[PDB]
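Below you'll find only one chain, the form deposited in one PDB entry, shown as C-alpha coordinates.
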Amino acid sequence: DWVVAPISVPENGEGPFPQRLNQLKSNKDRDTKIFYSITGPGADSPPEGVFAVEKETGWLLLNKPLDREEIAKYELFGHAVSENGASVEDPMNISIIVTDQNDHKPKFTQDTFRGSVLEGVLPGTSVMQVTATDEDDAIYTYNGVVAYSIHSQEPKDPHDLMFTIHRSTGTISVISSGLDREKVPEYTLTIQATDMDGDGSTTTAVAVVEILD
(Lines give C-alpha, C1' and ligand atoms only; values in the text may rest on other atoms or scores of the structure.)
Protein backbone atom coordinates (compact mmCIF):
# COMPACT_ATOMS: atom_id res chain seq x y z
CA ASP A 1 0.00 0.00 0.00
CA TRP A 2 0.88 3.58 -0.58
CA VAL A 3 1.83 5.13 2.75
CA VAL A 4 3.25 8.42 4.13
CA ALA A 5 7.07 8.45 3.87
CA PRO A 6 8.98 9.07 7.08
CA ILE A 7 9.12 12.81 7.61
CA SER A 8 12.41 14.56 8.35
CA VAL A 9 12.37 17.52 10.66
CA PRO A 10 15.55 19.33 11.66
CA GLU A 11 15.77 19.83 15.42
CA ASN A 12 15.71 23.30 17.00
CA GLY A 13 13.40 24.77 14.36
CA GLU A 14 12.53 28.45 14.48
CA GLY A 15 8.94 28.06 13.45
CA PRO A 16 6.60 29.62 13.19
CA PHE A 17 4.53 27.06 15.10
CA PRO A 18 2.28 25.28 14.70
CA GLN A 19 4.02 24.04 11.58
CA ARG A 20 2.50 22.08 8.81
CA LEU A 21 4.22 18.80 8.07
CA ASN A 22 1.88 16.72 6.03
CA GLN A 23 -1.79 16.55 5.04
CA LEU A 24 -3.58 13.33 5.79
CA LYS A 25 -6.55 12.44 3.61
CA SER A 26 -8.94 9.48 3.24
CA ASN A 27 -10.55 9.39 -0.18
CA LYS A 28 -13.77 8.32 1.42
CA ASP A 29 -14.23 12.06 1.96
CA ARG A 30 -16.12 12.01 -1.35
CA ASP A 31 -19.05 10.52 0.52
CA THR A 32 -18.69 11.37 4.21
CA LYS A 33 -17.42 14.13 6.46
CA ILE A 34 -14.22 12.71 7.96
CA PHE A 35 -12.54 13.51 11.25
CA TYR A 36 -8.80 12.99 11.53
CA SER A 37 -6.98 12.32 14.71
CA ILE A 38 -3.50 11.05 15.80
CA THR A 39 -2.15 8.80 18.54
CA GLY A 40 1.22 7.75 19.90
CA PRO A 41 4.09 9.18 21.95
CA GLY A 42 4.32 12.88 21.03
CA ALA A 43 0.56 13.16 20.47
CA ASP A 44 -1.74 11.58 23.09
CA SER A 45 0.92 10.13 25.34
CA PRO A 46 4.25 11.48 26.62
CA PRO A 47 5.41 13.98 25.58
CA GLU A 48 1.85 14.97 24.84
CA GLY A 49 0.86 17.65 22.30
CA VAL A 50 4.20 17.91 20.49
CA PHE A 51 2.27 17.01 17.39
CA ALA A 52 -1.35 17.57 16.55
CA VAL A 53 -3.73 17.12 13.61
CA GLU A 54 -6.42 19.58 12.49
CA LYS A 55 -9.48 17.40 12.74
CA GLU A 56 -11.14 18.55 9.51
CA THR A 57 -8.28 19.46 7.14
CA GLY A 58 -6.16 16.47 8.14
CA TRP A 59 -3.08 18.69 8.46
CA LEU A 60 -0.46 17.13 10.72
CA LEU A 61 1.22 19.89 12.69
CA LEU A 62 4.33 20.26 14.82
CA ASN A 63 3.81 22.64 17.70
CA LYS A 64 7.32 23.33 18.98
CA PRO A 65 11.00 22.96 18.30
CA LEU A 66 12.29 19.38 18.54
CA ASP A 67 15.51 18.12 20.10
CA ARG A 68 17.22 15.07 18.66
CA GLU A 69 19.11 14.37 21.85
CA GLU A 70 15.90 13.81 23.77
CA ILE A 71 13.89 12.06 21.07
CA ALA A 72 15.21 11.18 17.65
CA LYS A 73 12.19 9.48 16.22
CA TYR A 74 8.42 9.48 16.78
CA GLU A 75 6.03 6.78 15.72
CA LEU A 76 2.51 8.00 15.35
CA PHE A 77 -0.70 6.71 13.96
CA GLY A 78 -3.26 8.61 11.92
CA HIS A 79 -6.97 7.78 12.19
CA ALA A 80 -10.00 8.65 10.12
CA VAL A 81 -13.51 8.57 11.53
CA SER A 82 -16.85 9.35 9.74
CA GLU A 83 -19.27 11.94 11.11
CA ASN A 84 -21.36 8.95 12.17
CA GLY A 85 -18.60 7.58 14.36
CA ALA A 86 -17.16 4.66 12.39
CA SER A 87 -13.44 4.45 11.74
CA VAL A 88 -13.17 4.19 7.94
CA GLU A 89 -9.43 3.29 7.59
CA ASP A 90 -6.87 1.16 9.32
CA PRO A 91 -4.61 3.53 11.21
CA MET A 92 -1.75 4.83 9.18
CA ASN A 93 1.83 4.70 10.47
CA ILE A 94 3.48 8.00 10.50
CA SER A 95 7.21 8.40 11.36
CA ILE A 96 9.00 11.57 12.25
CA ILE A 97 12.76 11.47 11.99
CA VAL A 98 14.47 14.29 13.87
CA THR A 99 17.70 15.43 12.15
CA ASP A 100 20.80 16.71 13.97
CA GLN A 101 21.97 20.28 14.42
CA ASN A 102 25.04 21.22 16.43
CA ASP A 103 23.19 22.19 19.62
CA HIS A 104 25.78 20.65 22.01
CA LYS A 105 29.21 21.76 22.98
CA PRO A 106 31.84 19.20 23.88
CA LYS A 107 32.34 18.18 27.46
CA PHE A 108 35.34 16.61 29.03
CA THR A 109 34.68 13.44 31.03
CA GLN A 110 36.70 14.99 33.91
CA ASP A 111 37.77 18.55 34.78
CA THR A 112 41.24 17.15 35.66
CA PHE A 113 42.97 14.05 34.31
CA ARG A 114 46.12 12.62 35.84
CA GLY A 115 48.92 10.76 34.21
CA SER A 116 52.53 10.06 34.61
CA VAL A 117 55.73 9.45 32.56
CA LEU A 118 59.39 8.54 33.25
CA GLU A 119 62.04 11.23 32.79
CA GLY A 120 64.12 10.31 29.81
CA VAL A 121 61.66 8.45 27.69
CA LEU A 122 62.38 9.16 24.07
CA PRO A 123 60.37 11.85 22.26
CA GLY A 124 57.22 10.38 20.84
CA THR A 125 56.35 8.38 23.94
CA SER A 126 52.69 8.13 24.93
CA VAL A 127 51.91 9.51 28.37
CA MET A 128 48.15 9.43 29.06
CA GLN A 129 44.83 9.75 27.22
CA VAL A 130 42.18 12.39 27.70
CA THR A 131 38.54 12.18 26.54
CA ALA A 132 35.70 14.53 25.62
CA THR A 133 32.14 13.71 24.39
CA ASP A 134 29.64 15.47 22.18
CA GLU A 135 25.91 14.65 22.26
CA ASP A 136 25.45 15.61 18.60
CA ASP A 137 25.89 13.29 15.69
CA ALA A 138 29.30 12.08 14.55
CA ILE A 139 28.14 9.77 11.76
CA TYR A 140 26.69 12.10 9.10
CA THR A 141 28.20 15.38 10.28
CA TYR A 142 31.07 16.78 12.31
CA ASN A 143 28.69 18.24 14.97
CA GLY A 144 29.71 15.45 17.37
CA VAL A 145 33.29 15.05 16.14
CA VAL A 146 35.90 16.39 18.54
CA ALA A 147 39.35 18.03 17.85
CA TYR A 148 41.78 17.80 20.77
CA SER A 149 44.43 20.46 21.39
CA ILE A 150 46.82 21.96 24.07
CA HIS A 151 46.30 25.67 24.92
CA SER A 152 49.36 26.06 27.14
CA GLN A 153 51.79 24.55 29.55
CA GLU A 154 52.90 25.39 33.08
CA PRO A 155 55.63 25.63 33.94
CA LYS A 156 57.38 26.64 30.70
CA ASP A 157 60.63 24.86 31.87
CA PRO A 158 62.67 23.73 30.18
CA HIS A 159 60.80 24.45 26.91
CA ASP A 160 57.63 26.28 26.37
CA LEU A 161 55.83 23.24 24.95
CA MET A 162 57.11 19.76 25.92
CA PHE A 163 53.93 17.79 25.20
CA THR A 164 51.58 17.30 22.27
CA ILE A 165 48.15 15.71 21.78
CA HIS A 166 46.69 13.50 19.05
CA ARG A 167 43.95 15.78 17.61
CA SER A 168 41.56 12.75 17.23
CA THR A 169 42.47 10.27 19.97
CA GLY A 170 43.41 12.70 22.75
CA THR A 171 46.56 10.74 23.59
CA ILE A 172 49.17 13.10 25.02
CA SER A 173 52.76 12.41 24.07
CA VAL A 174 56.17 13.81 24.94
CA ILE A 175 57.75 15.77 22.07
CA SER A 176 60.91 17.17 23.71
CA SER A 177 63.91 16.22 25.72
CA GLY A 178 64.70 17.65 29.15
CA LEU A 179 62.14 16.11 31.50
CA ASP A 180 63.68 15.93 34.95
CA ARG A 181 61.74 15.12 38.12
CA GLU A 182 64.24 16.95 40.27
CA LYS A 183 64.03 20.10 38.16
CA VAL A 184 60.27 19.99 37.37
CA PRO A 185 58.22 17.29 39.02
CA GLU A 186 54.86 18.18 37.54
CA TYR A 187 53.29 19.94 34.54
CA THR A 188 49.74 21.35 34.23
CA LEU A 189 48.41 21.48 30.69
CA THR A 190 45.34 23.40 29.72
CA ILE A 191 43.64 21.15 27.17
CA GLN A 192 40.82 21.96 24.81
CA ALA A 193 38.25 20.10 22.72
CA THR A 194 36.44 21.64 19.79
CA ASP A 195 33.44 20.20 17.82
CA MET A 196 33.01 20.46 14.03
CA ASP A 197 36.41 18.78 14.14
CA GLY A 198 38.02 22.12 15.05
CA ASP A 199 35.63 24.66 13.50
CA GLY A 200 33.06 24.65 16.32
CA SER A 201 32.58 25.70 19.96
CA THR A 202 35.36 24.84 22.44
CA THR A 203 35.58 23.55 25.98
CA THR A 204 38.57 23.47 28.33
CA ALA A 205 40.07 21.31 31.09
CA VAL A 206 43.48 20.44 32.57
CA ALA A 207 45.78 17.46 32.57
CA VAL A 208 48.38 16.97 35.31
CA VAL A 209 51.49 15.03 34.44
CA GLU A 210 53.68 13.67 37.20
CA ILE A 211 57.33 13.23 36.14
CA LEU A 212 58.55 9.86 37.47
CA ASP A 213 61.97 9.33 38.98
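When you see a residue number, it is the position in the sequence shown, counting from 1.
If you look for the form deposited with a small molecule bound, you will not find it shown, but the lines that follow are about it.
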Contact segment among 138-146, 80-88, 110-118, 123-131, judged by heavy atoms lying within 4.5 Å of the small molecule in the entry with it bound: 138-146
For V98, is any heavy atom within 4.5 Å of the small molecule in the entry with it bound, or not? yes
In the entry with it bound, does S201 have a heavy atom within 4.5 Å of the small molecule? yes
Check whether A205 has any heavy atom within 4.5 Å of a heavy atom of the small molecule in the entry with it bound, and answer yes or no. no
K105 versus the small molecule, in the entry with it bound: is there a non-hydrogen atom within 4.5 Å? yes
